[PDB]
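Novice: Sequence, then structure. It's an experimental one.
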Amino acid sequence: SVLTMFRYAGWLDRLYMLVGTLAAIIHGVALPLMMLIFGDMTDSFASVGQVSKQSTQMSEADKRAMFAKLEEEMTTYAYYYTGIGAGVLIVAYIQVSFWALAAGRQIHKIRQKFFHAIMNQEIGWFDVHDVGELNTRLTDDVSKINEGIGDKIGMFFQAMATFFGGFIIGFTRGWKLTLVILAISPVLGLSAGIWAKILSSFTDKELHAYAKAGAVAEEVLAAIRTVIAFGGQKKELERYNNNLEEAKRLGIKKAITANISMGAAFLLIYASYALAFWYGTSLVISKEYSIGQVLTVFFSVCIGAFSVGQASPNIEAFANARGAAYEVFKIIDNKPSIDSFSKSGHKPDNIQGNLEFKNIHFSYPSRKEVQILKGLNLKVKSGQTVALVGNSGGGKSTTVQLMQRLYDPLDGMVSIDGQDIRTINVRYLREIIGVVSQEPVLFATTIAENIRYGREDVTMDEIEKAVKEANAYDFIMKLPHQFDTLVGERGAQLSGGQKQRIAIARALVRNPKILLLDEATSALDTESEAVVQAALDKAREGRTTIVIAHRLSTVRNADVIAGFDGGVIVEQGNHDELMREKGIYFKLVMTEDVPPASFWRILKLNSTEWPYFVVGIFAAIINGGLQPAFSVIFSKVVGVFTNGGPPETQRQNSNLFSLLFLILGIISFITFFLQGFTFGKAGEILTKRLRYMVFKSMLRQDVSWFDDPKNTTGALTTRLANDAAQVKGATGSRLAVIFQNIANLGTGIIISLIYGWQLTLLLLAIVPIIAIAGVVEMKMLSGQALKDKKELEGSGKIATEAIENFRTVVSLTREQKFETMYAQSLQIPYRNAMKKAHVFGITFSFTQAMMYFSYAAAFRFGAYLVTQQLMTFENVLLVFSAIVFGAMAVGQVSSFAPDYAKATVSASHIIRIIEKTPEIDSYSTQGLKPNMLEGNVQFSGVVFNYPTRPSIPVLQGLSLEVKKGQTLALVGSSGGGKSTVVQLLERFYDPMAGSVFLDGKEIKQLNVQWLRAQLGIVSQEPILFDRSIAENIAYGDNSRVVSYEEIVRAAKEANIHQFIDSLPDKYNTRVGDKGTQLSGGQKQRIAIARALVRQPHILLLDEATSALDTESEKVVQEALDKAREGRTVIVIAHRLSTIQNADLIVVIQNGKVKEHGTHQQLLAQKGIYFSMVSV
Ligand SMILES: CC(C)CCC[C@@H](C)[C@H]1CC[C@H]2[C@@H]3CC=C4C[C@@H](OC(=O)CCC(=O)O)CC[C@]4(C)[C@H]3CC[C@]12C
Ligand SMILES: CC(C)CCC[C@@H](C)[C@H]1CC[C@H]2[C@@H]3CC=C4C[C@@H](OC(=O)CCC(=O)O)CC[C@]4(C)[C@H]3CC[C@]12C
Ligand SMILES: CC(C)CCC[C@@H](C)[C@H]1CC[C@H]2[C@@H]3CC=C4C[C@@H](OC(=O)CCC(=O)O)CC[C@]4(C)[C@H]3CC[C@]12C
Ligand SMILES: CC(C)CCC[C@@H](C)[C@H]1CC[C@H]2[C@@H]3CC=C4C[C@@H](OC(=O)CCC(=O)O)CC[C@]4(C)[C@H]3CC[C@]12C
Ligand SMILES: CC(C)CCC[C@@H](C)[C@H]1CC[C@H]2[C@@H]3CC=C4C[C@@H](OC(=O)CCC(=O)O)CC[C@]4(C)[C@H]3CC[C@]12C
Ligand SMILES: CC(C)CCC[C@@H](C)[C@H]1CC[C@H]2[C@@H]3CC=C4C[C@@H](OC(=O)CCC(=O)O)CC[C@]4(C)[C@H]3CC[C@]12C
Ligand SMILES: CC(C)CCC[C@@H](C)[C@H]1CC[C@H]2[C@@H]3CC=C4C[C@@H](OC(=O)CCC(=O)O)CC[C@]4(C)[C@H]3CC[C@]12C
Ligand SMILES: CC(C)CCC[C@@H](C)[C@H]1CC[C@H]2[C@@H]3CC=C4C[C@@H](OC(=O)CCC(=O)O)CC[C@]4(C)[C@H]3CC[C@]12C
Ligand SMILES: Nc1ncnc2c1ncn2[C@@H]1O[C@H](COP(=O)(O)OP(=O)(O)OP(=O)(O)O)[C@@H](O)[C@H]1O
Ligand SMILES: Nc1ncnc2c1ncn2[C@@H]1O[C@H](COP(=O)(O)OP(=O)(O)OP(=O)(O)O)[C@@H](O)[C@H]1O
Ligand SMILES: [Mg+2]
Ligand SMILES: [Mg+2]
């Protein structure tokens, strides 16, 4: 459970990690080797020259002799530096590349395995758990695992080796002066382990909070139309901000932990080698050792602070990866009982289609304490049609869901041909069944691709036959792009009847032996339903079919009618057989350019955090300049140490040095904590602010923006989770250490200018060489990051669509198809990662090699400077010591380039989305707010074309009127434009030509929120939230807090209060995602209650009683009649029972008013209205 990641490594990855780790140990010992020949050899030679100095004795010959002696040695050391840098180029490329390649391969495998496990889970698991969290994790937690298993591990092995290599060199050059450091090393490791565990624990909770926020974002962006209709933008933003705040607090805790860890590490190493300083100096003045502090061993153990400071962030990244892997691998390791990928089961060759339910007891996992089916008995003979009738919530859809083995009954057996379906192969069982859900769901692709989900190997002739049987051929052939025309998410860019007929065809292409029809004709008009029913009855003999129809005309022709009452079959028989019993059936039939200043503009939104940046930059300057100043202070200490007079009096300086290194350690602790913490807190504030502003801007947009193919729910959620994380990757501790290293380089340059002005030219020469490689690398990485961000949204779209439509995906047995699509969508990012591995490796290797080439050049040039009597040897050594730290700082800065490109791209996109302004702005306080509404709605010659299919005319000209106390009934064929009128009255879109009036005022001159607050709308396919029944009902009026009594009154008006009260947890019963844990009629009634809680002046009913039963719709209609006068109501209905009482009926055909008048007038006249009610 600790190396749970690295689970999917294989032979090649294990070799990349060993060879990369071998290179990292070889890379790490180059710097100690640089100190070895600089310290042990040259400093000793210089001291011997000063110690064995005879003043002006044979000066003319001796000066030249010693100058040549040191110059030859320095040239040889320059050659050694060149040789070390030559191998540094290879070892550094391997260290970085090999660890990046292994990380990329492992992350690819982890993503594929995670998506496979999510698709392999069960329907009950999906009901119990939340799924927007899964969608957010698949991106964010996988990226977090990636940032901790890659080249940062190689960077840890490299600094660990520098620390140890320095220790080993010190041990070789002196005894017992490094055992003190080696004894405190375990304390440092223990501290590292403790704070790594703390940070991993914090990361787990922070990712939980981010997943909770992403779930809210996903639900809101999937129900954006309901959110906009009910003015819920402000409450949905508040819900998102609630989780953003928890994530921000956890991130601040993470920053405190990590930065106090870094500060404690620096304090501990400083105190540890300060004790060594004191003890060793006491023993050296005791003459136990001669040279232990003279620039050899104290300069070998000086790089330990740099090593620890460089190793700590990689430990933090590893801890974050461990925290991220928890939930991912928990989901991966979860195994389902009803496994749809197992090959363990029977696959009968010839199935005659006999279905039997024997004593079925079932209760849902989400509500165990509610019994749905209690001893259900049902037999379906071969090639027979059986109709399930009864009141809503009776378990009719539960029977269909059990027939597909989405759940297992708690008692009893479901069997096919006398064989238990539990022993049949699950994939085979689901493949021999075609099912149409109560409210069908499509996918964001073309019509032909949607139909191919039923059967992949289907041909175009078979598709045409299926859409002829589904009565969709004419509607598809009247479209541009015909079968290749692209539908929206869930089929949103099609009308209800068209979307349902597409699903009917998708079921038909499977050639199913068992056909499950669940309210398959709810959204179909009577004319289309007739031909669909004829087509179904033309091929009934080949298969056995179960139909759940509220339309009772289709029930009459069924072979056997089953009746549901109290979770059992009360009356089973034919039409006349049940007419004999005159029971339930009788009662029922009785009536771009990525600008370079994007990252600076995103940092101006942190202007309120300027005091945090000031102190952080000051602390970064202090601790960055401390590193080069160490050489100067050590050189000054050497002066008071080489000859202090009496050996015993040296104890004063001995205790002075311990105080110096202890105060220095305290200062390092304080400054490192400040530098990390202030920048981290500013970054945590910035991340939350950016996420908040992006979500608010997304909620501000128009419906046409969400209708775009590139703005799907998955793409939007991926954008939300990704743009903030990429910007965060270049802020905080990274941006702090960037300033730290810049101040380090500046301090080195300044002391070089003060002491030797010649080597400053070498520094100003090495800077551009690293700079050019950095800029070309950043150019390549940004160029590829644009496409990486473009392609990641597609994979997010695939994952979100599969997870949100998991029930349909499982019914169609299309898990493997979506896995293939996800894998294919991962291809371009994977290859870009593989190429970035080599690019980053080669750039890092070039930078590191240039560092050692600069060291060699500095040595060679200092040789000439000393030869020409320009610079003293001690000054040359001091400036070279500065140059080493400066070059390391420059390389560390260059290592920040990969993050900055992604940050710039994401910052540009964030700026663009934030600054975007819609046309129909709902956040605008401008517009008229009439003080008196009379409920007069007039459409005056409205011409409208949808933005996604602008070539198609929807409404050629539309003129209808309605006043207070009147009901306007919209009738017509599917796709006529009835639901477009509702969306135009809701100001979802503006008409191309024409006008819509409210009490004589143009609705474009009104306030958008004010106008929407006067409308009560229930959509054709109502959508709820994964919240309580009470929250869903109270969502109708988001301006005020709705009382419990008012919620109960609305529920009673909607004829749902009895069900809610007879249910455990009552009104606090959490509804499923989109209302899936309710019956269809129950969800429709909850939406009716949500609409009625407003007491709206205009009531918009769009097939508001499609999922209801006869008694329920009668009660709802009586309530509407009781609240009829005093409000304007527009009704879209197919049933004659909801049109008879309408004041005026308008027949809209082809987006025009064809027939108008009262029911009596339209029935007396002969035409479309008379034809539609023939039977
Ligand atoms: C040997 C010198 C020259 C270099 C020092 C190398 C160490 C910095 C690293 C590099 C490889 C590492 C090893 C890589 C993998 C493993 C296996 C690991 O055990 C398992 O993988 C199996 C147990 C489990 O499933 O968790 C225990 C740590 C260990 C020995 C690691 C210990 C630390 C090692 C030796
Ligand atoms: C300081 C040390 C690391 C230097 C030692 C010499 C290296 C340059 C050699 C020694 C072993 C070699 C590796 C041995 C085997 C392989 C497998 C070889 O073939 C594959 O399995 C690749 C398959 C694929 O790419 O799909 C790829 C290169 C690699 C890692 C080699 C790359 C070059 C390595 C690291
Ligand atoms: C001084 C001598 C010893 C040469 C030192 C460097 C080599 C060891 C380098 C140079 C070319 C490198 C190879 C160039 C390209 C590849 C392919 C690369 O695989 C991919 O690009 C991944 C593609 C995928 O996974 O689909 C794996 C490493 C490998 C073998 C590299 C291994 C390391 C190599 C041999
Ligand atoms: C480059 C050389 C000079 C040293 C660099 C690395 C070291 C600082 C060592 C000392 C402690 C080591 C660790 C000691 C214990 C573990 C836990 C170990 O976990 C397991 O595999 C547990 C199961 C098992 O014991 O097999 C994995 C390796 C790791 C992190 C080791 C990795 C290498 C570390 C960090
Ligand atoms: C010589 C100094 C300067 C550096 C040495 C650092 C290592 C000794 C530390 C750094 C990070 C540590 C790792 C951080 C993460 C973990 C998980 C942690 O596991 C737990 O105890 C919690 C697991 C659980 O939740 O059950 C301890 C082992 C391990 C591999 C740690 C092993 C020791 C490591 C490698
Ligand atoms: C402070 C941070 C930056 C350093 C931490 C380093 C170690 C904790 C890691 C780095 C690479 C890891 C190794 C990478 C790959 C594997 C294979 C992997 O194997 C399995 O767990 C197989 C399980 C299965 O096949 O089901 C785990 C052990 C091991 C040796 C890992 C042991 C722990 C290691 C040495
Ligand atoms: C920043 C680095 C990585 C790129 C630029 C490299 C220069 C800083 C180095 C590389 C070659 C060096 C030269 C190589 C050899 C010599 C000859 C050397 O004199 C001799 O060996 C004999 C006397 C003579 O003939 O001049 C004086 C220094 C000089 C000019 C060196 C000066 C510094 C140079 C230009
Ligand atoms: C081509 C790319 C990688 C950038 C160029 C950087 C290095 C290749 C340069 C910068 C520093 C140069 C070195 C600076 C100084 C010297 C000393 C000088 O050689 C001598 O010492 C000659 C006398 C003798 O043989 O002892 C000229 C070569 C050399 C190694 C230079 C070789 C080329 C180096 C490594
Ligand atoms: N996933 C679920 N988790 C918990 N309870 C559920 C779930 N799905 C349905 N229910 C409950 O199952 C019961 C049976 O309703 P079911 O979905 O079987 O509808 P039905 O009887 O076919 O009626 P309708 O005509 O409305 O479709 C209801 O009480 C409903 O709220
Ligand atoms: N968002 C959209 N983008 C593009 N075209 C759309 C969109 N929504 C609907 N359409 C199309 O506009 C036409 C009008 O459909 P509309 O939703 O108004 O039908 P309706 O009269 O309410 O009928 P139904 O009872 O089938 O829902 C149809 O051809 C439909 O496919
Ligand atoms: Mg149903
Ligand atoms: Mg409609």
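Specialist: On my side now, so go ahead. Residues are numbered from 1 along each chain as shown. Ligands and ions are numbered 1, 2, ... in the order given.

Novice: Please give the element, helix or strand, for the residue of the stretch 801-950 of the chain found nearest ligand 11.
Specialist: Nearest to ligand 11, among the residues of the stretch 801-950 of the chain, is residue 807, at 12.5 Å (Cβ to the ion). For the C-beta atoms, the positions are set from N, CA and C on the backbone; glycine is no exception. Taking DSSP states H and E as the definition, residue 807 sits inside helix 806-811.

Novice: For the next helix or strand after that helix, enumerate the helices and strands it packs against.
Specialist: The C-terminal neighbour of helix 806-811 among helices and strands, as given by DSSP H and E, is helix 815-825. On a contact count with 3 or more Cβ pairs under 8 Å, 6 or more residues apart in numbering; DSSP states H and E, helix 815-825 meets helix 59-120, helix 759-804.

Novice: right, and those helices - which one's nearest ligand 3?
Specialist: Ligand 3 lies closest to helix 59-120 among these, at 4.8 Å (Cβ to the nearest ligand atom).

Novice: before we move on, the earlier item: quick check, the residue of the stretch 801-950 of the chain closest to ligand 11 in contact with residue 122.
Specialist: No. Applying Cβ atoms under 8 Å, one finds residue 807 not in contact with residue 122, separated by 11.1 Å.

Novice: what is in contact with the two at once?
Specialist: Residues touching both residue 807 and residue 122 (Cβ atoms under 8 Å, 6 or more residues apart in numbering) are residue 406.

Novice: Looking at those two, which has the bigger crowd around it?
Specialist: residue 122 (21 against 18; other Cβ atoms under 10 Å).

Novice: just checking, next helix/strand downstream of whichever helix or strand residue 1033 is part of?
Specialist: Using DSSP H and E, residue 1033 sits in helix 1029-1034. Using DSSP H and E, the helix or strand that follows helix 1029-1034 in sequence is helix 1044-1053.

Novice: And that following helix, how far out from the chain middle?
Specialist: On the basis of Cα atoms, centre = their mean, to the nearest Å, helix 1044-1053 sits 38 Å off its chain's mean C-alpha point.

Novice: same deal with stretch 128-144?
Specialist: In terms of Cα atoms, centre = their mean, the centre of stretch 128-144 is found 6 Å from the chain centre.

Novice: One more: stretch 757-769?
Specialist: Distance of stretch 757-769 from its chain centroid, counting by Cα atoms, centre = their mean, is 45 Å.

Novice: touching ligand 8 at all, that stretch?
Specialist: No. Applying Cβ under 6 Å from any ligand atom, one finds stretch 757-769 out of contact with ligand 8, separated by at least 7.0 Å.

Novice: Need the helices and strands packed on helix 815-825 in TSV (columns: distance to residue 1121 and mean neighbour count).
Specialist: Compiled in TSV, these are given as follows (distance: least, Cβ to Cβ, whole Å; neighbours: other Cβ atoms under 10 Å):
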stretch	distance to residue 1121	mean neighbour count
helix 59-120	48	19
helix 759-804	38	19
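
Novice: mind putting those in TSV, distance to ligand 7 included?
Specialist: Output for the helices and strands packed on helix 815-825, formatted as TSV (distance: least, Cβ to the nearest ligand atom, whole Å):
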stretch	distance to ligand 7
helix 59-120	8
helix 759-804	4
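
Novice: right, so of those helices, which gets closest to ligand 2?
Specialist: It is, among the helices and strands packed on helix 815-825 and with distance given as Cβ to the nearest ligand atom, helix 59-120, at 5.0 Å.

Novice: and that closest one with ligand 2, contact?
Specialist: Yes. Helix 59-120 reaches ligand 2 (Cβ under 6 Å from any ligand atom) through 91, 94.

Novice: Let me know whether the helix or strand following that helix sits next to ligand 9.
Specialist: Using DSSP H and E, the helix or strand that follows helix 59-120 in sequence is helix 123-128. Yes. Counting by Cβ under 6 Å from any ligand atom, ligand 9 has neighbours in helix 123-128: residue 127.

Novice: other SSEs contacting helix 123-128?
Specialist: In terms of contacts (3+ Cβ pairs under 8 Å, 6+ apart), helix 123-128 is packed against helix 806-811.

Novice: Report the distance from the helix it packs on to the chain centre.
Specialist: Put simply, helix 806-811 sits 22 Å off its chain's centre (Cα atoms, centre = their mean).

Novice: Quick check: residues of the stretch 451-600 of the chain near ligand 12?
Specialist: 495-496 (Cβ under 5 Å from the ion).

Novice: As a check, name the ranges of all helices in the stretch 451-600 of the chain.
Specialist: Remark: helices assigned in the stretch 451-600 of the chain by DSSP state H, counting those that start in this stretch are 460-469, 473-477, 496-509, 526-537, 552-556, 575-581, 584-589, 598-603.

Novice: Next, the contact list for the residue in the chain that ligand 4 sits nearest to, please.
Specialist: The nearest approach of the chain to ligand 4 comes at residue 160, 3.3 Å away (Cβ to the nearest ligand atom). Listed by Cβ under 8 Å, 6+ apart, the contact set of residue 160 reads 28, 307, 311.

Novice: The second one: which element?
Specialist: Spelled out, it's residue 307. helix 303-333.

Novice: Flag every buried residue along that helix.
Specialist: Buried residues in helix 303-333, defined by neighbour count with 16 or more other Cβ atoms under 10 Å: 303-329, 331-332.

Novice: what packs against that helix?
Specialist: Secondary-structure packing of helix 303-333 (3+ Cβ pairs under 8 Å, 6+ apart): helix 30-35, helix 59-120, helix 132-146, helix 151-173, helix 179-222, helix 233-285.

Novice: from the chain's centre, how far out does the following helix or strand past the fifth one sit?
Specialist: Spelled out, it's helix 179-222. Later in the chain than helix 179-222, the nearest helix or strand by DSSP H and E is helix 224-229. Centre-to-centre, helix 224-229 and its host chain are 22 Å apart (Cα atoms, centre = their mean).

Novice: Which residues does helix 224-229 contact?
Specialist: Under Cβ under 8 Å, 6+ apart, the answer for helix 224-229 is 220, 232-233, 236, 699, 703, 706, 922, 986, 988, 1012, 1015, 1017, 1019, 1023.

Novice: check whether the helix or strand that contains residue 1085 contacts ligand 11.
Specialist: In this structure, residue 1085 sits in helix 1080-1092 according to DSSP H and E. Yes. Using Cβ under 5 Å from the ion, helix 1080-1092 comes into contact with ligand 11 via residue 1080.

Novice: packing partners for that helix?
Specialist: Under the contact definition 3+ Cβ pairs under 8 Å, 6+ apart, helix 1080-1092 sits against strand 1015-1018, helix 1029-1034, helix 1044-1053, strand 1098-1102, helix 1110-1122.

Novice: What parts of the protein come near ligand 2?
Specialist: So the chain meets ligand 2 at 12, 15, 19, 22-23, 26, 91, 94 (Cβ under 6 Å from any ligand atom).

Novice: still on that earlier bit, between the helices and strands packed on helix 815-825, which one is nearest to ligand 6?
Specialist: The minimum distance between ligand 6 and these falls on helix 59-120, with 8.1 Å, by Cβ to the nearest ligand atom.
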